[PDB]
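Examining the three-dimensional arrangement
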Amino acid sequence: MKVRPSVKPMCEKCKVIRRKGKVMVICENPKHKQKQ
Amino acid sequence: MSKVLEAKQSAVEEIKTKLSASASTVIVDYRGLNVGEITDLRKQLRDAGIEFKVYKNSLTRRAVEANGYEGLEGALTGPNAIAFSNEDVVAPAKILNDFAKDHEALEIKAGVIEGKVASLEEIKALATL
Amino acid sequence: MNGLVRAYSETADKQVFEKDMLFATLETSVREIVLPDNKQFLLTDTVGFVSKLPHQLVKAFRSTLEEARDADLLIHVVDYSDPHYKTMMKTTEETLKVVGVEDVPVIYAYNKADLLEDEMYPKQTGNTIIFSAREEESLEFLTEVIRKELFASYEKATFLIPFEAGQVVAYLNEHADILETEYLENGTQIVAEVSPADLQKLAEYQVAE
Amino acid sequence: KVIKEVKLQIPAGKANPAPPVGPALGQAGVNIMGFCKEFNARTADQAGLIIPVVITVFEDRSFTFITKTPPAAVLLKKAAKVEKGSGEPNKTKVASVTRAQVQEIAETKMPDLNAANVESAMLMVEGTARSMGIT
Amino acid sequence: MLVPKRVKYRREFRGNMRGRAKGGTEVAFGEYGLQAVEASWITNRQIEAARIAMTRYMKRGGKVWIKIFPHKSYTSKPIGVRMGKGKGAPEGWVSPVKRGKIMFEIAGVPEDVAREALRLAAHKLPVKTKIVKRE
RNA sequence: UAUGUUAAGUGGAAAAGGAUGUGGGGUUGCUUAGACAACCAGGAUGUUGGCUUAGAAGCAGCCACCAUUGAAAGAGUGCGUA
Ligand SMILES: [Mg+2]
Ligand SMILES: [Zn+2]
């Protein structure tokens, strides 16, 4: 998981959600997982 | 809407004129069958001029509303492929039964032979004869 | 390096800097070379040197010459159109010894031999090459030179791949130089040369004549 | 019957134990007689060029040699008189074929193709004609 | 880097950046441009970096305009020097940009690559900008 | 007291930048001659298009990207097999 202040999608299969009051990206490719 | 309605209106009346001109109108449930399986029956019926078609349910019932049909109200459901047979009524009727024995997916029940809506029970006698 | 990459690399768009200014290239770049007979090695370029370089900077380049420190074949590109070429060559060896590159197979390659009038290039004497790195003969010449130097344990050995078992025909096409192939009713017959690792990896498939 | 019926187009007539006639039936115990001689027997007057042959194998070894027609791929070569196809397509044409020549090929394959309209079936040849680039 | 060829006086006042832009508050040459929303000093280094990143994405196709120029110069003192004893020596050149001033222009490229090229340029400048188009 | 906003203890500290938080306006497509989402069925023929390859069949790479049954099916949108 990449913890950076600039979470944004990288591919076309990326998705943006919100859990526990923060923005995160979950993707099938494990290299694309990001958290703010 | 105006573009949509005009195309829908024109196509609806085509079936009604075809249904009036057809000496026998039938339909079968094209569900769970190969794409070319119907084509085998369609090609044989193509040489006899017994080709069929399928459209939207609302448009399909629109033509039957004003084409002197009084027993097809309950027949506008499921996968409907109305077959027009104005040249050889007996041949298209027995054509459906020929494939029905070969393929169980074709339980044809629609019948408008002579313009009269025979029930699904009497269609089988028409289909087998 | 650019000529070799344009000659063999699949990603021919991947090029290197090329200019006349002092110290054009200051960073090492690695490229992967695929000779037509399905053989693989890498080719790296390094920053150049000048005379009486400060000793403070050679300590810093001790890191930048790690790739040459642990290598298999070196090429010492010596200019052949500048009369102080002997001095420049020797200076290169002292700088290399300062870094710590020794006991390394060196192949000298004098460049710019087009400029010199009435010279026979490409040639080869001992471990010395005369060539110009702007022609399609010198480059390929140096390629079979490298082929001689690096790959010398590729002995040939026939194979009989079972007909049902695929995935071995493909493997023995992108990792070997298939001399001849044959088809039988009990499988397929392959004759080619592979690395001594594969002689024990696929020892069972071989069949003796 | 017919457990597996994987279609295997091969060099009809001069069939050899090649991959085209190999692993396609190599999982069903294909015999040389059932791969080369079987096609040789069926392709007596169809030999020489490569034509497809669809075969079916049951649980027991069964050679269901059913040779396909001389497809438009081979037909396009003789009509256009090009040994190697023109990949240039619209970029350039290696050769060209007579307009009446396409009709003869289309008419010969007309029984195989399931198109009621013969005139429409000839139009399908244009796609095959355009596929090879050379008319 | 953009520097004046010669200047009448080497030293100038810092000035001020209050109010709207006097002129150049609209697009005239190209068809898209970067418009400043706030006001800040822009050195010549930031003009260069925001230009290489702006033509590199365009692959040298089409013309760009630079609507600002670093006329003013600024000075600085070395570390370890107390206050006084004159003024510092000039270091660089700046262009005070008040809000509402267009700094760049794009023409000769489609919609998609014009906005993207301007987007990369804006990240190299210390002002909040906006992509604006002609009419 | 009257009408609204915030769910962050924001209120009671701090930017470039990032975001399907939330409320209010505007411009618009489709739709009870049946809109989106789900469930059922179909999703094909010449044909494995040509070239290159040991191997290229929609899916290593480049070239035009057709007609046919039909109301739909792409000389094939992503998996996968060397
Ligand atoms: Mg260099
Ligand atoms: Zn992703």
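Please refer to the structure placed before this passage.
To start, this report covers the structure provided alongside it. (Residues numbered from 1 in each chain as written, not as in the entry; some residues may be left out. Chains lettered and ligands numbered in written order. Part of a larger assembly, values for the part shown. Heavy atoms only, no water. Residues with missing side-chain atoms left out of burial classes, pairs and counts.)

**Digging into the overall build of chain C**
Per the secondary structure count, chain C includes 6 helices and 9 strands. Radius of gyration (C-alpha) of chain C: 21 Å, far over the 17 Å computed for a compact globule of 209 residues. Once local pairs closer than 6 in sequence are excluded, the contacts in chain C between residues at least 24 apart make up 52%. (Helix = DSSP H or I, 4+ residues; strand = E, 2+ residues; numbered from the N terminus. Rg over C-alpha atoms; globule rule 2.2 N^0.38 Å. Contact = heavy atoms within 4.5 Å.)

**A closer look at the overall build of chain E**
Scanning chain E for helices and strands turns up 2 helices and 7 strands. Mapped from its N terminus to its C terminus, chain E presents α and β elements in the order β-β-α-β-β-β-β-α-β. Principal-axis analysis of the C-alpha atoms places the extent of chain E at approximately 55 × 30 × 25 Å. Contacts in chain E between residues far apart in sequence, at least 24 positions, make up 83% of those at least 6 positions apart.

**Here's the deal with the side chain of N2 of chain C**
Residue and element names in this part refer to chain C. Positionally, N2 belongs in helix 1 (residues 2–8). Only 2.8 Å separates the side chain of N2 from the backbone nitrogen of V16, close enough to count as a polar contact. Here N2 is in contact with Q15, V16, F17 and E18, once residues within four sequence places are set aside. (Polar contact = N/O pair within 3.5 Å; in protein donor to acceptor, adjacent residues only side chain to side chain.)

**Considerations on unusual backbone geometry**
Looking along the chain, the bond that leaves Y121 of chain C and enters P122 of chain C is cis, with omega of 0°. Following the sequence through the fold, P122 of chain C ends up in the loop between strand 4 (106–111) and strand 5 (123–125). Of note, the phi angle at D103 of chain C is positive, near 55°, even though the residue is not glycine. Note on placement: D103 of chain C falls in the loop between helix 4 (85–99) and strand 4. The phi dihedral of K81 of chain D falls on the positive side, at around 55°, and the residue is not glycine. Looking at where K81 of chain D falls in the secondary structure, it is placed in the loop between helix 3 (72–80) and helix 4 (99–109).

**Points about the packing of helix 1 (residues 44–55) of chain E against helix 2 (residues 111–122) of chain E**
Residues and elements named next belong to chain E. One can describe the packing of helix 1 onto helix 2 by two numbers: an axis separation of 8 Å at closest approach and a directional angle of 155°. Classified by the angle their axes make, helix 1 and helix 2 are roughly antiparallel. Read as a crossing pair, helix 1 and helix 2 show a hand that is right-handed. In this structure, helix 1 contributes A50, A53 and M54 to the contact, and helix 2 contributes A117, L118, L120 and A121. (Axes fitted to C-alpha atoms, helices over the stretch in contact; angles between N-to-C directions. Parallel < 35°, antiparallel > 145°, perpendicular 65-115°, else oblique. Left-handed = near helix turned anticlockwise from the far one by under 90°.)

**Describing the pattern of salt bridges**
Its salt-bridge partner being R51 of chain E, residue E48 of chain E comes within 2.4 Å of it at the nearest N-O pair. Taken as a pair, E48 of chain E and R51 of chain E lie in helix 1 at a separation of 3 residues, close to a single helical turn. The salt bridge involving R115 of chain E is made with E111 of chain E; its shortest N-O contact spans 3.5 Å. One end of the pair is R115 of chain E and the other is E111 of chain E, both in helix 2 and 4 residues apart, which spans about a single turn. Via salt bridges that share partners, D37, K39 and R147 of chain C belong to a single interconnected network. (Salt bridge = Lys/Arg side-chain N within 4 Å of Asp/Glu carboxyl O.)

**A few points about the sheet that holds strand 7 (residues 156–161) of chain C**
Residue and element names in this part refer to chain C. If you walk across this open sheet you meet the 3 strands as 7-9-8, and the pairing is antiparallel. Edge positions in the sheet fall to strand 7 and strand 8 (180–184), since each has one partner strand and no second. Direction aside, the axes of adjacent strands within the sheet are offset by 15° on average. Sheet topology places strand 8 next to strand 9 (residues 187–193); 5 bridges connect them, and they run antiparallel. (Pairing = 2+ DSSP bridges.)

**Notes on the sheet that holds strand 4 (residues 34–35) of chain A**
Spatially, the 4 strands line up as an open sheet ordered 1-4-3-2 (chain A), and their pairing is mixed. Of all the strands in the sheet, just strand 1 (2–3) and strand 2 (15–18) of chain A have a single pairing partner and so form its edges.

**Some points on the packing of aromatic side chains**
Residue and element names in this part refer to chain C. Between the aromatic rings of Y85 and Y110, the centroid separation amounts to 6.5 Å while the plane-to-plane angle is 80°, which identifies the pairing as edge-to-face. Residue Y85 is located in helix 4, and its partner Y110 is located in strand 4; the two are separated by 25 residues in the primary sequence. With 5.5 Å between their ring centres and 40° between their planes, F151 and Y154 make a pair best called tilted. Each residue in the set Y80, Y85 and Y110 is aromatic and connected to the rest through ring pairs, giving one cluster. (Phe/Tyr/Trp six-rings, centres within 6.5 Å; stacked < 30°, edge-to-face > 60°.)

**Let's talk about the packing of helix 1 (residues 2–21) of chain B against helix 3 (residues 57–66) of chain B**
Packed helix pairs are specified by the crossing angle of their axes together with the interaxial distance, meaning the distance between the axes. Residue and element names in this part refer to chain B. Between helix 1 and helix 3, the shortest axis-to-axis distance is 8 Å and the interhelical angle comes to 50°. Considering their axes alone, helix 1 and helix 3 lie oblique with respect to each other. Judged by the twist between their axes, the crossing of helix 1 over helix 3 is right-handed. For the pair helix 1 and helix 3, the contacting residues are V12, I15 and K16 in the first and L59, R62 and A63 in the second. Across the contact of helix 1 with helix 3, the residue classes tally to 4 nonpolar, no polar and 2 charged. (Nonpolar A, V, L, I, M, F, W, Y, C, P; charged D, E, K, R; others polar.)

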